[PDB]
Every structure is written in C-alpha cells, then in structure tokens.
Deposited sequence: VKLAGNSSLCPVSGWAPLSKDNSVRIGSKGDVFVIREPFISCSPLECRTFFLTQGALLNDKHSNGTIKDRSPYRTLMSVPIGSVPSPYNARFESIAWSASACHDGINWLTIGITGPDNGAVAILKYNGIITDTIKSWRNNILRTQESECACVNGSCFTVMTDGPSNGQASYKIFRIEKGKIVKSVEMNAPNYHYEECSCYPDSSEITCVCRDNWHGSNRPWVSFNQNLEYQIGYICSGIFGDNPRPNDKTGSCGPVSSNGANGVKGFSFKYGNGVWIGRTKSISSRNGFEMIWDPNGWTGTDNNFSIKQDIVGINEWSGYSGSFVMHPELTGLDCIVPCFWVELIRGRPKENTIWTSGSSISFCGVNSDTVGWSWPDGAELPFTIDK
C-alpha cells in the first residue's frame, strides 16, 4: 500500500540515537567500502543506509564525479561491505525513497556538461532526465519525499558559486509526471533535505553562493511552490558567522560555500541541526527555536548535543518514518549525520525525534587515524 503522507509531523522534544555503523573502525581490518554522502531512507518494513561508493575499499591503494561511483545500500547500522551491500545505481549524485510499494532510486552519472539522472523503480530503468544547464546536474544526496504514491525531489543545474537553476519533480512509479522550474533569483539551492508533512513537501537546502542561513522551498503535490530563507539568527550552514540577528533573505556573512543540512518546520518554530563550529565541519547540535522559521532573533529554548566540537562531522540530512512503518498517527522526523574521516571516507549516525526523555552526548566516528 502507498504511503499516504497526509499526517503531520508530531512534535518532539529531543532526539534519540537510532543507528551507528562504526564503519572506519571496522574497515581498519575488514573489507569495508570507502563511502561518501550516506543517507537513510525507510520502507514500510525497514530503514536502509544508502551511500556512494568510490568502488574502493578502506586500506587499499584504490581508495568527486567519477564513472566508478555507484549508489549502494545496506540495512541500517550495518557496515558497508561488498559482501552485504545491495547495488542500486551508477551515480555520483543520488536520491532514493520508497513509496510504500517499491524503491525509487535516482542516480546521476555522466560528464559535467552532459550529466543525466537515471530513475529506477524496483531496479528497472523507468525514466531519465538530461542536464538542462550543462553545469553539473545534481540532486539531494538524501531521501526523496513520497506523498500518496508520488515521490518528489529537487535538482540543481548551474554554478555552485553563483546563480543556478532549480527544478522540482513529481515522480509516480519511477516516471516523471510533472516538473517545474523554481523562479528564485538571488537564491541558491543545493542538496535539499525534503520531508513530507500533511500532504505537503518541505525542503531545506544549502546556499553555497552567498547564504549562511538555509534556504527552503515548500510545495504541494501539484508543485505550486513557496520559497524563503530560515529567518532565525541561529544560522544553520557551515561556514557561518557567530549568532546574531538573522534575516529572511540570504545572509551574506560567511555565505560562500556550505554543507548539506536540514531543518524541521513546526508552525513558526524550527528544529535546526547544525555544526558546533562556525568555521569547520566539527561537532553537531540540534537547536529548538520556537519562532526561528519567521523571527530574526538569536534566542532558542532547547539545545541538544549530538557530536562533540572536537570531533569531525559532515553532511546531515533528514528522513522520516511514516505511520505505515511505526503504527503511529504522525510522521516521525529523523536525521542522520555523516562523520567524515581522512582517502576520504565517512561513517554515519542517526537520530529520531521523540517526546520522551533524551540525553546529549558525543557519538563520534572513533577511528584512530
């Protein structure tokens, strides 16, 4: 049965540890892939960790956009190894989600001026999208959002240090049935974290051009969209300035470059996942700002520590658990964090929102390099 996607996110007061793979620590001895850009997506049975291999193992001489890059997947918490990974697609940029029946896998491969997204429904190639700007066609590196048998994603074509072109897709059974281009001047969308919420999709993305806060786009199933920036003075991107008065436009200070991130909108509130360090991808914390989606101030109410400030962090993205998997009446918000080491490789930790008691700690990668 298709995931309905019509329930709301239920409110959460903290984040509870869900998975940790210990990939690099195991890969010091075992045969473990060199992976980058991991993300989590859940079927109505299980959650799976998706990752981009380089086609190489840790502690080997074979260890950005190469033809050897493939999207693979393992059960959540298991180490990514060639003996337990399932192949998904050839991809140096990827997205994947489950509509309640089968997996949809989106894999981008090809040259920088001619990249093509290959869409797979239950392992069968069902559609392709070619690059429309011929400057690095790229996608979420996180799970697409599925509402009522339609899955949705955001793709970006154009420069990563300037104005690019952003497209929203509706995908039914692996087939593109509607695409719209976002008219967003002075905005910049990269590597969006998208989640379903009451038949709507909300994406929170990376402004690599000139934004140290995070842009967002929300749209309905007919892809009528709204855009804006997260107005909180608690800035989400990395690099970023120290916390100050925010704005609902792109904040210029330390706005160049960035990191893939996420946020969860709760009315006017927002749960913000961000690095602890404002200069490097070090540490991770979750911050509850009861007015941060629209209000410019730098006052919050809850801060939970995820990764210690002296430990390496990286990409972070959102994923959801639908009521068809949990049996609840709401959609549970969850997120993953990539812990980048170094070769360059990464492990992953994942958290889910709960209303019960939580604690902060540091769950770092822990490999002795």
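Missing C-alpha runs, given along the deposited sequence, first residue counted as 1: Gaps vs deposited seq, in order: 64-68, 348-354, 382-387.
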